[PDB]
Protein chains: 6
Amino acid sequence: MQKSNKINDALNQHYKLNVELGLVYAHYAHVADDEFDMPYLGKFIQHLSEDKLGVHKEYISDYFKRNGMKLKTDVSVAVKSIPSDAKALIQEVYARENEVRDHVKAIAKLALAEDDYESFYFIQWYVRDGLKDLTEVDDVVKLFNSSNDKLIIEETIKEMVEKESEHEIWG
Amino acid sequence: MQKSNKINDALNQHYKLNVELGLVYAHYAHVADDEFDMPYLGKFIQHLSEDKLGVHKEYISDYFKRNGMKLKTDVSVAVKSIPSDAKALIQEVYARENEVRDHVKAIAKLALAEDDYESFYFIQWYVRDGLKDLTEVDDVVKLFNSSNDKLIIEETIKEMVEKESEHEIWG
Amino acid sequence: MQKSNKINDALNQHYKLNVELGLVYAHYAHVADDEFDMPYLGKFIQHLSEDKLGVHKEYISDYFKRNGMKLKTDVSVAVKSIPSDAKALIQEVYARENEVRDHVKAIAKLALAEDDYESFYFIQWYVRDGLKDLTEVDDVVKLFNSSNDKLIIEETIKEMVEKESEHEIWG
Amino acid sequence: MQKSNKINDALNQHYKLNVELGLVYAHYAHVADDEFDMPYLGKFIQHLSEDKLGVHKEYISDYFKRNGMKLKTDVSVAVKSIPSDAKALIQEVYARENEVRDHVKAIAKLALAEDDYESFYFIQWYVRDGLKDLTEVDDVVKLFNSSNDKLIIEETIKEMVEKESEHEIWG
Amino acid sequence: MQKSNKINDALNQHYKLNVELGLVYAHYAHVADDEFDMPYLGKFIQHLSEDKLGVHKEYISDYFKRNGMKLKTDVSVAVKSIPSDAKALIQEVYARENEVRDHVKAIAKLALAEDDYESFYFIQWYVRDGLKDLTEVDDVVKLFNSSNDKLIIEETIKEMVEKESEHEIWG
Amino acid sequence: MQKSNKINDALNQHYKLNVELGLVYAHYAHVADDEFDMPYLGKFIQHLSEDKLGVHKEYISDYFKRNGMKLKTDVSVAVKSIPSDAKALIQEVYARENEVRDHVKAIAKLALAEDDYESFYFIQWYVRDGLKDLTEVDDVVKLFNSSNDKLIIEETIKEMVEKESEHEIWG
Ligand SMILES: [Cl-]
Ligand SMILES: [Cl-]
Ligand SMILES: [Cl-]
Ligand SMILES: [Cl-]
Ligand SMILES: [Cl-]
Ligand SMILES: [Cl-]
Ligand SMILES: [Cl-]
Ligand SMILES: [Cl-]
Ligand SMILES: [Cl-]
Ligand SMILES: [Cl-]
Ligand SMILES: [Cl-]
Ligand SMILES: [Cl-]
Ligand SMILES: [Cl-]
Ligand SMILES: [Cl-]
Ligand SMILES: [Cl-]
Ligand SMILES: [Cl-]
Ligand SMILES: [Cl-]
Ligand SMILES: [Cl-]
Ligand SMILES: [Cl-]
Ligand SMILES: [Cl-]
Ligand SMILES: [Cl-]
Ligand SMILES: [Cl-]
Ligand SMILES: [Cl-]
Ligand SMILES: [Cl-]
Ligand SMILES: [Fe+3]
Ligand SMILES: [Fe+3]
Ligand SMILES: [Fe+3]
Ligand SMILES: [Fe+3]
Ligand SMILES: [Fe+3]
Ligand SMILES: [Fe+3]
Ligand SMILES: [Fe+3]
Ligand SMILES: [Fe+3]
Ligand SMILES: [Fe+3]
Ligand SMILES: [Fe+3]
Ligand SMILES: [Fe+3]
Ligand SMILES: [Fe+3]
Ligand SMILES: [Fe+3]
Ligand SMILES: [Fe+3]
Ligand SMILES: [Fe+3]
Ligand SMILES: [Fe+3]
Ligand SMILES: [Fe+3]
Ligand SMILES: [Fe+3]
Ligand SMILES: [Fe+3]
Ligand SMILES: [Fe+3]
Ligand SMILES: [Fe+3]
Ligand SMILES: [Fe+3]
Ligand SMILES: [Fe+3]
Ligand SMILES: [Fe+3]
Ligand SMILES: [Fe+3]
Ligand SMILES: [Fe+3]
Ligand SMILES: [Fe+3]
Ligand SMILES: [Fe+3]
Ligand SMILES: [Fe+3]
Ligand SMILES: [Fe+3]
Ligand SMILES: [Fe+3]
Ligand SMILES: [Fe+3]
Ligand SMILES: [Fe+3]
Ligand SMILES: [Fe+3]
Ligand SMILES: [Fe+3]
Ligand SMILES: [Fe+3]
Ligand SMILES: [Fe+3]
Ligand SMILES: [Fe+3]
Ligand SMILES: [Fe+3]
Ligand SMILES: [Fe+3]
Ligand SMILES: [Fe+3]
Ligand SMILES: [Fe+3]
Ligand SMILES: [Fe+3]
Ligand SMILES: [Fe+3]
Ligand SMILES: [Fe+3]
Ligand SMILES: [Fe+3]
Ligand SMILES: [Fe+3]
Ligand SMILES: [Fe+3]
Ligand SMILES: [Mg+2]
Ligand SMILES: [Mg+2]
Ligand SMILES: [Mg+2]
Ligand SMILES: [Mg+2]
Ligand SMILES: [Mg+2]
Ligand SMILES: [Mg+2]
């Protein structure tokens, strides 16, 4: 039952991605509120930031504890430009979440190629969450095409953030 | 992350199958009660009808919303003969549920061949449910071989329909 | 007390109409959400779909059980074009509900012509519901002429769908 | 939908392994308490014994009921030597749980090779549980390297056994 | 107060008998449900299986802890034929429980011959339980001579299994 | 009321320090559990990690929103060596917290030199917390000099982490 080095490498990279994404989202949350005057968009993006810096990274470190894989912490990220408006801000968040689905798909494929069924089981959470997170971000992108009034958009985001739930399949 | 057309095709076909099955089961439920004098068999088959026309089809339409796949509605079904008695009615329901397991297996195999891990995750619900639904139908088929008294069979179905649960694995 | 064949025919046709309408509405609900970015319009139309595929058809099958009429299941429906925008989507729903009132009126007239007072009683539910359903759809059509902001319309539909009631006359 | 004989064989073997493991663990639990004066270690190992002789074997027999596979009961186990001390006792439990992960991995691989997606679904429980059980045993092995005082180790095991929970992923 | 070797031998043999009986009953429970279509008979026999593999064996191991007797685990059992129908299945369970009473009687006689009054006290539980268990099995055997309808028998077993009790004498 | 650039610079640097510290502590928490077999030390260090990545950084971003200061995200941290044992791990945490007090003192001094009384008020939280956090870490360092038994130390940390409070002055 020796751990896969390739999976170890791919999951360390995914740990890194979730840390750096979380740090960028925290900046984007500040910017949505501070410069675009959209505090509820900020809260939406802040929750996603805390999601990436929270369970997304912690489940990997916990997995590594269980199977002998080695954790690496190697983090480099700088927010050097900002999208020009709130719509492009959330569209960028959408693009990054779409890349998450792509990275996660590669890990699922690699786990089967390695006959690492514990890792294929483990990554199912991330397969499900890749689509759930994208859907939630997509629900906010839509609003900027449905109204030209920032305060109307903000009121619709407020409900989304303040909604209490889980889809049977997508969580 | 472009959606698979083959999976899109297979899931549209499975949507269609669940609609048409649900419509046939609704007819069979009427017939069990009206012509075979087995109202609890009717209720059992009606619940299955509502299961197929409900979450079985709605989960597919919801999935399509999330990933860009296209929904098609193309439905053609006619109930042109009826099984001759209640035993053969439920045996036909059993045969159709067995085909469901077969169709679902093909989709699972196709998702792996396409490296579509979101679709392989999605279909696990249907893999589990294929066997759960078959088991529930099988539990009713058994009764017709265990007693020659319709009212005794009906009393045993009543309990089954009125039972409040979920197996850890099969749901 | 022999059952009317003409009423049997007209009610089988109305069963068919409610099945096929329900299937079209389920498609329209998907489209409202997925392509027009109006999830609450989708939920409104989904509820109507489940109404047609639910009590509207089940009351007919139950009636047939009581009086010897024969149920037929013969269903053919394909959604081959979509209205171009959300306003035209609900306007189409409105047009189909208006045809429902017309079909139901014919059955009421036929029941009196046949001196089938049980069927005239039975159809009163559908006479009342024809106008109630049209009124509910009409309440949504109005919104697209009252605002050019999709998110404002969506917020008004949300309240309608989330409202807890029954008019003394129209139910 | 004919059942796989190879999977049937592999799951009968896994049934056997869980029975025989459970019987050995019951002996080890007696020994931990009776000869090593570690009643809480005994209770920890007894719970694992009841886990193997309980759901681990019963889920297989239940699965076989659902799909036509044949159950075999063929059990041969004799506890002919005992590890020399409590540390080596739990280390042996650890080694056997590590072999469980290996046997379970083979079944997962075989289910995919057989395109037996119901069996691949079924075995996911055992894939998850292979790592959870190993982790729990590993948590006890650690204690013998962290203290040379048996009563201190016993107090830490007591808390573990008396703890009321489930990881989102590993259960 | 040196422990009796003969009693030690007889109680190790009785431990073995309860393990092997429990394993056979678990197979019989599967068969009652799976092949004879009698799930409540299966549950009845499963409870007996868990009774033998539970307190019946655990009380012996606990006794051995208290008095210096040595536990042996030496288990060999294979289910190589099945009774032909449900009636003969429970009749076989009855025959094995009757042998339990006989084995237990020998231990009681041996304890008095050895002036081992702690062991005579200990075995009183098994003397009482030998007759209680036989009575419970006998109550099920009776049903197959009282009705030729499997579903009627199943309904009577359901009540027995779902009954909440203890006789002042026989427990 | 123009914002101080020097304070803006010093608080951006302190934001960076709290991010990078939080990431290092998350690694140290993994290591305490995984390699040093001290899960409660791990939880202690994980809580500190979440403290630094949480309110410590978020209060700064919130302050910047209120006064026109500019947030910068520029993060570079790599965990390239690990302390050799648990005692040196917490001693390193202690050294880093001591540097926090030093950095915070510089900001307080700078705010007075700039007559930036809003920033002097703001930083009082960090002045208080610098000493509270150090005290909490110091309470754990002490344990490694008070016992040579890892499990005894772990039990004392457990209480600390599971304690429900606030000093009137130090919080
Ligand atoms: Cl840079
Ligand atoms: Cl903007
Ligand atoms: Cl994109
Ligand atoms: Cl690969
Ligand atoms: Cl036809
Ligand atoms: Cl019949
Ligand atoms: Cl079949
Ligand atoms: Cl394929
Ligand atoms: Cl067509
Ligand atoms: Cl539109
Ligand atoms: Cl019209
Ligand atoms: Cl007319
Ligand atoms: Cl041997
Ligand atoms: Cl020892
Ligand atoms: Cl090992
Ligand atoms: Cl294989
Ligand atoms: Cl043999
Ligand atoms: Cl039988
Ligand atoms: Cl006998
Ligand atoms: Cl004797
Ligand atoms: Cl470096
Ligand atoms: Cl250490
Ligand atoms: Cl220092
Ligand atoms: Cl200064
Ligand atoms: Fe604000
Ligand atoms: Fe969330
Ligand atoms: Fe723009
Ligand atoms: Fe997430
Ligand atoms: Fe509002
Ligand atoms: Fe409002
Ligand atoms: Fe509101
Ligand atoms: Fe509100
Ligand atoms: Fe009825
Ligand atoms: Fe159900
Ligand atoms: Fe027949
Ligand atoms: Fe189902
Ligand atoms: Fe009854
Ligand atoms: Fe009864
Ligand atoms: Fe009853
Ligand atoms: Fe009842
Ligand atoms: Fe939605
Ligand atoms: Fe309504
Ligand atoms: Fe238009
Ligand atoms: Fe209606
Ligand atoms: Fe409003
Ligand atoms: Fe509102
Ligand atoms: Fe409101
Ligand atoms: Fe409201
Ligand atoms: Fe004890
Ligand atoms: Fe457990
Ligand atoms: Fe040793
Ligand atoms: Fe387990
Ligand atoms: Fe202590
Ligand atoms: Fe204690
Ligand atoms: Fe305690
Ligand atoms: Fe306690
Ligand atoms: Fe069953
Ligand atoms: Fe009992
Ligand atoms: Fe016989
Ligand atoms: Fe007993
Ligand atoms: Fe009865
Ligand atoms: Fe009854
Ligand atoms: Fe009853
Ligand atoms: Fe009852
Ligand atoms: Fe742990
Ligand atoms: Fe704290
Ligand atoms: Fe040292
Ligand atoms: Fe702090
Ligand atoms: Fe304590
Ligand atoms: Fe203590
Ligand atoms: Fe305590
Ligand atoms: Fe305590
Ligand atoms: Mg392969
Ligand atoms: Mg491949
Ligand atoms: Mg007239
Ligand atoms: Mg293949
Ligand atoms: Mg004498
Ligand atoms: Mg001055």
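How each quantity is defined
Sequence order sets the numbers: each chain starts from 1, possibly unlike the entry numbering, and residues with no coordinates are not included. Here every chain gets a letter starting at A, and every ligand a number starting at 1, in the order they are written. All values in this entry refer to the displayed chains, which constitute part of a larger assembly. Excluded from the side-chain calculation are hydrogens and water; included are all heavy atoms of the structure. Note on conventions: DSSP H or I runs of at least 4 residues are helices, E runs of at least 2 residues are strands, and numbering of each starts at the N terminus. Categorising residues by exposure relies on relative accessible area from a 1.4 Å probe, with only protein chains included: less than 20% of the type maximum marks a residue as buried, more than 50% marks it as exposed, and the intermediate range marks it as partly exposed. Note on areas: Shrake-Rupley, 1.4 Å probe, and residue coverage restricted to the protein chains presented here. We line the copies up by least squares, and the atoms we fit are the C-alpha atoms. Residue contacts follow a heavy-atom distance rule, with two residues in contact if any of their heavy atoms lie within 4.5 Å. A quick way to say it: buried area is the sum, across both parts, of accessible area lost when two parts are put together, with a 1.4 Å probe. Here, a salt bridge means any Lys or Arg side-chain nitrogen found within 4 Å of an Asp or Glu carboxyl oxygen. Between N or O atoms, a polar contact is any pair within 3.5 Å; within protein, one atom must be a potential hydrogen donor and the other a potential acceptor, and residues adjacent in sequence are included only when both atoms are from side chains. The nonpolar class holds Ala, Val, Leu, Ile, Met, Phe, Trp, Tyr, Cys and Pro. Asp, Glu, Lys and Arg form the charged class, and all remaining residues, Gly among them, are polar. Only strands that DSSP links by at least two bridges are regarded as paired with each other.

Chain A has the name Ferritin in the PDB entry, where Ureaplasma diversum is given as its organism. The title given to this entry in the Protein Data Bank is "Fe-O nanocluster of form-VI in the 4-fold channel of Ureaplasma diversum ferritin".

Enquirer: Outline the overall build of chain A, supporting the account with residue identities and numerical values.
Expert: Counting its secondary structure elements, chain A contains five helices and one strand. Over its C-alpha atoms, taken along the principal directions, chain A stretches across nearly 55 × 35 × 25 Å. Buried positions account for 58% of the 171 residues belonging to chain A. When the accessible surface of chain A is totalled, it reaches about 7000 Å², and 45% of it is carbon and sulfur.

Enquirer: Got a sec to walk through the relation of the copies chain B and chain D? Specific residues and values, please.
Expert: Both copies of the chain are placed relative to one another by a rotation about an axis and a shift along it. Of the transformation superimposing chain B on chain D, the axial component is 0.0 Å and the angular component is 120°, with the fit at an RMSD of 0.0 Å. Read as a symmetry element, the transformation amounts to a three-fold axis. Across chain B, the rotation axis passes nearest the C-alpha of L112(B), at a separation of 5.6 Å. Interface residue correspondence from chain B to chain D reaches only 11%, placing this contact among heterologous pairings that use different surfaces.

Enquirer: Please give an account of the interface of chain B and chain D that cites residues and values.
Expert: Tallying the contact residues gives 19 residues for chain B and 14 residues for chain D. If you sort the residues of chain B by the area they bury against chain D, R101(B), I169(B) and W170(B) come out on top, with a joint share of 32%. Inspection of the chain B/chain D interface yields two salt bridges. Measuring nitrogen to oxygen at the nearest pair gives 3.6 Å for the salt bridge that ties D115(D) to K109(B). At the boundary of chain B and chain D, one finds five residue pairs in polar contact. For the side of chain B that touches chain D, the secondary-structure elements that each account for two or more residues are helix 3 (86-113) and helix 4 (117-146) of chain B.

Enquirer: Can you lay out the interface of chain F and chain A for me, pointing to particular residues and giving the numbers?
Expert: Each side of the interface is counted separately: chain F has 23 residues, and chain A has 23 residues. Each partner contributes to the roughly 2000 Å² buried at the junction of chain F and chain A, and carbon and sulfur atoms together form 55% of this total. The tally of links from chain F across to chain A stands at zero salt bridges. Put simply, chain F and chain A have twelve residue pairs in polar contact between them. Going through the elements one at a time, helix 1 (5-34), helix 2 (39-67) and strand 1 (74-78) of chain F are the ones with two or more residues in the side of chain F that touches chain A. Of all the elements, helix 1 of chain F adds the most residues to the side of chain F that touches chain A, at eight residues. For the side of chain F that touches chain A, the residue count by class is ten nonpolar, six polar and seven charged. With five bridges joining them, strand 1 (residues 74-78) of chain A and strand 1 of chain F adopt antiparallel strand pairing.

Enquirer: So what's going on with the side chain of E20(E)? Residues and values would help.
Expert: All names here are of chain E. With respect to the helices, strands and loops of the structure, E20 is situated in helix 1 (residues 5-34). Of the residues examined, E20 reaches a relative accessible area of 14% and is grouped as buried. For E20, the side chain forms a polar contact with the main-chain nitrogen of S76, separated by 2.8 Å. If we skip the residues at most four places from it in the chain, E20 touches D74, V75, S76 and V77.

Enquirer: With reference to specific residues and values, describe the arrangement of the chains.
Expert: Considering only C-alpha positions, the minimal separation of the non-contacting chain A and chain E is 29 Å. With no contact between them, chain B and chain F keep their nearest C-alpha atoms 29 Å apart.

Enquirer: Outline the relation of the copies chain F and chain A, listing residues and values.
Expert: When chain F is fitted to chain A, the residual RMSD is 0.0 Å, and the transformation amounts to a turn of 180° plus an axial shift of 0.0 Å. In symmetry terms, the pair is related by a two-fold rotation axis. Of the C-alpha atoms belonging to chain F, the one lying closest to the rotation axis is found on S76(F), 2.2 Å away. A shared binding surface is used by both copies, with 100% of the interface residues of chain F retained as interface residues in chain A.

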